[PDB]
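S.K.: Below are the structure tokens for one structure; questions will follow.
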Amino acid sequence: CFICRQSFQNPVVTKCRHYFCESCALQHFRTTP
Amino acid sequence: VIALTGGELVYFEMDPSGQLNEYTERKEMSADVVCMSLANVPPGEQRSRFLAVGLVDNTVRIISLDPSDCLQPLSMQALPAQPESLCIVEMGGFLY
């Protein structure tokens with residue numbers, strides 16, 4: 001990953017190519033939608 | 001598809017010539033459920049639907065329960081607070 005800078009723990013996508021780790025991007029949605 | 005306290009659970013289908021049966025493949029899903037909803041198509045000699053479940057945590061979940069790729073989550077979610085309701089529908093002349 002490159003938000004949490006970890007290994008790709010379910011590198012999973014959004015509308016617009018943004019592959020994030022799964023629970024980390026859920027916590028990112030908890031931070032900002 | 002019905003649940004108990006728990007989660008992703010039993011189907012409890014029927015037989016096309018006879019009575020009810022089940023799948024004993026369960027996920028059992030640490031609890032997190034407020035709502036579930038589905039919808040069925042006018043064709044289909046098969047499973048022929050899609051599963052949507054709403055969880056106590058700030059999340060819903062859609063799972064295709066076709067026998068190939070069964071109880072395996074398909075695409076993810078985002079919601080602010082809690083759903084308390086779900087529905088699947090088709091309205092035109094894309095499943096909304």
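Please treat every number below as a calculation from the coordinates, not as lab data. Virtual Cβ from ideal backbone geometry, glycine too; neighbours counted across all protein chains shown.
S.K.: Name the residue that is farthest from A:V13 (Cα to Cα), counting only residues in region B:46-96 that are under 11 Å from the mean Cα position of the chain (by Cα) and of a type in the set (K, R).
M.R.: B:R49
S.K.: If you check B:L95, B:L86, B:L79, B:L74, which single one turns out to be assigned to a loop (DSSP other than H, G, I, E, B), among the aliphatic types (A, V, I, L, M) and within 14 Å of chain A (Cβ to nearest Cβ)? Show your work before the answer.
M.R.: On the way: B:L95 fails: within 14 Å of chain A (Cβ to nearest Cβ); B:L86 fails: within 14 Å of chain A (Cβ to nearest Cβ); B:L74 fails: assigned to a loop (DSSP other than H, G, I, E, B).
None of the others qualify; the one that does is B:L79.
S.K.: Within region B:1-22, work out how many residues are within 14 Å of the chain's Cα centre (by Cα) and hydroxyl-bearing (S, T, Y).
M.R.: Matching residues across region B:1-22 total 1.
S.K.: Taking B:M29 as the residue in question, decide whether it is touching a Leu at 6+ places or on another chain (Cβ under 9 Å), assigned to a loop (DSSP other than H, G, I, E, B), aliphatic (A, V, I, L, M) and under 30 Å from A:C24 (Cβ atoms). It would help to see each step written out before you state the result.
M.R.: Numbers: touching a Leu at 6+ places or on another chain (Cβ under 9 Å): yes; assigned to a loop (DSSP other than H, G, I, E, B): yes; aliphatic (A, V, I, L, M): yes; under 30 Å from A:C24 (Cβ atoms): yes.
Answer is yes for this residue.
S.K.: Is it true that B:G44 is on the phi < 0 side of the Ramachandran plot, surrounded by fewer than 11 Cβ atoms within 10 Å (Cβ to Cβ), away from every other protein chain (no Cβ under 14 Å) and not in a strand (DSSP E or B)?
M.R.: So B:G44 does not fit the description; no.
S.K.: Oh, and also: Among all residue pairs at least 6 apart or on different chains, which show Cβ distances below 7 Å where the first residue, located in region A:11-33, is within 12 Å of chain B (Cβ to nearest Cβ) and the second is surrounded by 10 or more Cβ atoms within 10 Å (Cβ to Cβ) and among the charged types (D, E, K, R)?
M.R.: Note: pairs meeting the criteria are A:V12/A:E22.
S.K.: Can you find even one residue in region B:15-22 that is exposed (fewer than 11 other Cβ atoms within 10 Å of the Cβ), away from chain A (no Cβ under 14 Å) and not in a loop (DSSP other than H, G, I, E, B)?
M.R.: Checking region B:15-22: at least one residue is exposed (fewer than 11 other Cβ atoms within 10 Å of the Cβ), away from chain A (no Cβ under 14 Å) and not in a loop (DSSP other than H, G, I, E, B).
S.K.: Being out of contact with any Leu (no Cβ under 8 Å at 6 or more places or on another chain) and either away from every other protein chain (no Cβ under 14 Å) or surrounded by 16 or more Cβ atoms within 10 Å (Cβ to Cβ) (or both) narrows it down to one residue among B:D57, B:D66; which is it?
M.R.: Working: B:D57 fails: either away from every other protein chain (no Cβ under 14 Å) or surrounded by 16 or more Cβ atoms within 10 Å (Cβ to Cβ) (or both).
From the options B:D57, B:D66, the qualifying one is B:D66.
S.K.: Being of a type in the set (V, I, T) and either surrounded by 10 or more Cβ atoms within 10 Å (Cβ to Cβ) or in contact with a helix residue (DSSP H, G or I) (Cβ under 8 Å, 6 or more places away or on another chain) (or both) is the filter here; which residues of region B:69-96 pass it?
M.R.: B:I88
S.K.: Does region B:25-36 contain at least one residue that is of a type outside the set (S, T, Y), within 14 Å of chain A (Cβ to nearest Cβ), more than 17 Å from B:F12 (Cα to Cα) and in contact with a strand residue (DSSP E or B) (Cβ under 7 Å, 6 or more places away or on another chain)? Spell out how you get there, then give the answer.
M.R.: Initially, region B:25-36 is screened for residues of a type outside the set (S, T, Y), giving B:25-29, B:31-36.
Now drop any that are not within 14 Å of chain A (Cβ to nearest Cβ), which leaves B:32.
Narrowing further to those that are more than 17 Å from B:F12 (Cα to Cα): B:32.
Subset that is in contact with a strand residue (DSSP E or B) (Cβ under 7 Å, 6 or more places away or on another chain): none.
No, that holds for no residue.
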